[PDB]
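Next up: just one chain, as C-alpha cells, the form deposited in one PDB entry.
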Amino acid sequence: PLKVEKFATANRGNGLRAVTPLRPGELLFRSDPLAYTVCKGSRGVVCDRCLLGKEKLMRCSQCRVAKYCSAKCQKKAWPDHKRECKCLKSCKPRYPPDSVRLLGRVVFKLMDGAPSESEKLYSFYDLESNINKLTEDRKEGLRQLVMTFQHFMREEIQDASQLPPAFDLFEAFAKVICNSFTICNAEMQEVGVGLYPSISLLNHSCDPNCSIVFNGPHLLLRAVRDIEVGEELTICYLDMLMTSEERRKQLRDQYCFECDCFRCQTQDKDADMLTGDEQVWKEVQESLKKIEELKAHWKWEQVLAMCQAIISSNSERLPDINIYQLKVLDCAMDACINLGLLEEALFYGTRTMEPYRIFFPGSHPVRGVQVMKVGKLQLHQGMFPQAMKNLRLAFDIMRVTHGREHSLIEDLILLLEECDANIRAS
C-alpha cells in the first residue's frame, strides 16, 4: 500500500505528496536503479555491482575495465555489463564521461519489456528535460555528449533505428543533467551515479521534509519530520555546506529554476557560514577544488598533506565554523580514517561536531554518519563515556534517516553493544 502519490504542482512541474499522515523515519519508497554505474574516481577502487571497496578486485577478462569483489557480483552484473564490455575495451585507456556510460546502460534497459520497479510512479520518458529553458553553452555541451555517446557505442549501436523511437539522445542527456542521483557509500563518499525515475518526482527544497540514503545502489526514501495529508514531499538536491548564493547558482545552472524556499530568501545561516575574513577563506575555497578532486580519486595521502597545510596555517585566524575550513577538516578526517591514523582523525573529526549540529538541523543522514565516525573513533581511543553519547546521538538521527532497512544500523548497534561492554568492564 502506497503512502505517496504523483500530482501536478502549481508551477514546478510534477511533484510528490502524502496520501496519509507520516511520522519522522517512516519508509516512503524503495528502489533499485533503472540503471547505474560507478563514477569516474571510484572505478577500480570499488566493485562495479555492489559499490564496496575491498583490497583486491578481480577484473573482467574481455575488457579488463569492469572490476568486481567476487564471482557472485561478476555474474549478477553481467546483464548490465554484457552490452557495454566491447565499448570499454576499444576505448582504452580513454574512459567516457559518467553520463555517457550511464545512458549506455539505460538505452538497453528501456527495451526490456518487463516493467521496471523503479518506474512504478514515473517512467524515464516522464523525466523533465528543461529543453525550452536551456542556455546555448549547455546545449552545445549536450551536443558534444551525444557525439561522444555515438563514438563510444559504435560496436553495439550504429543508428537511432537500433533503439526505441520516443527516445532521443539529446533529450536523454538533458534528462540526465537534472535527474541524476549521486550514489554514496555508507561512509558518504561519492561512489556512483544512477537513475531512479520514481524518486525523480520529488521537487527540491533547502529545508526538505524527506531524505534519501543509499544502501549500496539500493535507495531508501524516508520522511524526516511530521508530514500532513496532501503536503508536497521535498528533498535537498544539494550538499548542506553551501551559501544561498552558491545554492541558487547550481540550481539555476543545473536545474533551470530560481530557489524560492525560506532559507534562500532569508540568507538563512549565510552569516555563520562565512564567519571570518574574506581574503583569508577565499584561498581555502580555492584550495578545496583541488582537494575534493583528489578525494574523488581516493588519493588520501595527498589529501592529508594539503589539508594539514591549510589547518595549521589558519589556526590563528579562521574559525572552524567557516564552511570552507569545515570542509577541509572533514576531508582531513576522512583521509586519516582510510589511512589508519585514527588519533588524528578524531582531532579533526571532533572539531566538526558543533558546526554540523548547526548546519545539519534536525535529522540529516550526513550528520548521523559523521557523529557515528566520531563516536567510533572515540571508542577506539578508550573514551568510552564520550563515545556512548555520540553513538546514541548517531542512532537518534539514523533511526529517522537510515532506518532498520539500512544495514548501517546493525553496525551502529554492534558498536553500542561493544561500548556498553567496555563501560561495564572498567
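Only the largest set of C-alpha atoms that superpose within 1.5 Å between the two forms is called the rigid core. Sequential numbering from 1, following the sequence displayed. Only residues modelled in both forms are compared.
What follows is about the form deposited with a small molecule bound, which we do not show.
Visitor: Looking at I212, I227, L102, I310, which is the one with a non-hydrogen atom within 4.5 Å of the small molecule in the bound PDB entry?
Guide: Looking at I212, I227, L102, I310 one by one, just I212 meets the 4.5 Å heavy-atom criterion.
Visitor: Please identify the residue among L341, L238, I157, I321 with any heavy atom within 4.5 Å of the small molecule in the bound PDB entry.
Guide: Answer to the contact question: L238.
Visitor: Check, residue by residue, if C178, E190 and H364 all come within 4.5 Å of the small molecule in the bound PDB entry, counting heavy atoms only.
Guide: Yes, the whole trio is in contact, each within 4.5 Å by some heavy atom.
Visitor: Although the partner isn't part of this model, could you tell me whether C184 comes within 4.5 Å of the small molecule in the bound PDB entry, counting any heavy atom of the residue?
Guide: Residue-level check for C184: yes, a contact with the small molecule.
Visitor: With a cut-off of 4.5 Å between heavy atoms, is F347 one of the residues that contacts the small molecule in the bound PDB entry?
Guide: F347 lies outside the contact set for the small molecule.
Visitor: At 4.5 Å between heavy atoms, is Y125 in contact with the small molecule in the bound PDB entry?
Guide: No, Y125 stays farther than 4.5 Å from the small molecule in the bound PDB entry.
Visitor: Test of understanding: in the bound PDB entry, would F170 fall inside 4.5 Å of the small molecule by heavy atoms?
Guide: No, no contact at 4.5 Å.
Visitor: Hey, of 229-237, 268-276, 310-318, 158-166, which bit sits against the small molecule in the bound PDB entry at 4.5 Å between non-hydrogen atoms?
Guide: Comparing against the small molecule in the bound PDB entry, the contact stretch is 229-237.
Visitor: With the two forms fitted on the rigid core, I'd like to know which residue in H151, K282, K139, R317 is displaced by 2 angstroms or more at its CA between the shown form and the other one.
Guide: Flagged residue: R317.
Visitor: Given a core-based superposition, decide whether the C-alpha of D112 shifts by 2 Å or more between the shown form and the other one.
Guide: Yes: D112 shifts by at least 2 Å between the shown form and the other one.
Visitor: Would you mind telling me if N314 and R367 are closer or farther apart in the bound PDB entry than in the shown form, C-alpha to C-alpha, with a 3 Å or larger change?
Guide: Farther, not closer.
Visitor: In the bound PDB entry, the Cα separation between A345 and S315 changes by 3 Å or more relative to the shown form; did it shrink or grow?
Guide: Distance between the C-alphas of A345 and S315: longer in the bound PDB entry, by 3 Å or more.
Visitor: Using the rigid core for the fit, write out the stretches of 3 or more consecutive residues with CA shifts of 2 Å or more between the shown form and the other one, ordered by sequence.
Guide: Three-plus residue runs displaced between the shown form and the other one: 111-115, 314-317, 422-426.
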